[PDB]
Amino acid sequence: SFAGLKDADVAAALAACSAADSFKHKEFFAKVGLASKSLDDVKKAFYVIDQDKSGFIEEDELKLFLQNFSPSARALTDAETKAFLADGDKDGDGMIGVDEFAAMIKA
């Protein structure tokens, strides 16, 4: 479940990455419906994923990204986590800010 998205899409996206090392963030964002959301709505999702309200999604929040969609979902592997970070971190600061998050989703 994730507010604004359809539960069945979220559940399908989680099933599609059930195997370790099968997560592909851009595929997940399409399947769960975020790639089809407005920029406004994508921004709302960022602030939720930023669990500590620091203004950035840090690596630990990427590792636990799926928990925002189901608390019992798996952690991303270290490989998946670092791949997610490298793809999104366009300014190189080691974190994902709101504009970087939207850019990955609305590409």
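Note that residue numbering follows the sequence shown and begins at 1.
In the deposited entry, the Cα temperature factor of residue 44 places it in the lowest third of its chain's modelled residues. Residue-level temperature factors show residue 13 in the middle third of its chain, judged at the C-alpha atom. Residue 32: CA B factor lies in the highest third for its chain, per the PDB record. When the modelled residues of the chain are ordered by C-alpha B-factor, residue 51 sits in the middle third.
Ranked within its chain, residue 85 lands in the lowest third, by CA B factor from the PDB record.
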